[PDB]
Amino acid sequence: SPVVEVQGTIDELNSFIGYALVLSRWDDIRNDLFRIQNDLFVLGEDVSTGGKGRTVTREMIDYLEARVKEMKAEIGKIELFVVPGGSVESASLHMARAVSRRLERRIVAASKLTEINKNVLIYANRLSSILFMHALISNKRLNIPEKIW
């Protein structure tokens, strides 16, 4: 309000990511998540300072994209319509992903009323993607098959 809603959602997302992090059992995913938590403070500042302070960089976005590609290689084909769940590790990541998608919606809504750097929405979008991959990888490493609709 106008960006207070976005800021609040970033905060909520960060808390959900912290929860997923505590449950994660792998260093690569844990490192991704901790990096993201720090990136979210930058995203918040970018949005709040109208881009006058620290800003979301293309490098930050590229890291998420690179990790997504790497994990897609580990998973292989991804059948559409994955039922979210399986393990608590994956479940927590799917909940975090849902909040990240809500963040995307809030950014889009706020952008129509206030100026927001394009990298903010782009980062949020890539974050939703990496969290989905984290969820799939977690189940795979725990020997839990995905259920499809």
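All residue numbers are counted from 1 along the displayed sequence.
When the C-alpha B-factors of 65-73 and 111-119 are averaged, 111-119 comes out higher. If you average the C-alpha B-factors over 129-137 and over 5-13, the higher value belongs to 5-13. When the Cα B-factors of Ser100, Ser48, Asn38, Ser90 are read from the PDB record, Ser48 comes out highest.
Per the deposited record, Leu80 carries the highest C-alpha B-factor of all listed residues (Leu43, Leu33, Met95, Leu80). Residue-level temperature factors show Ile144 in the middle third of its chain, judged at the C-alpha atom.
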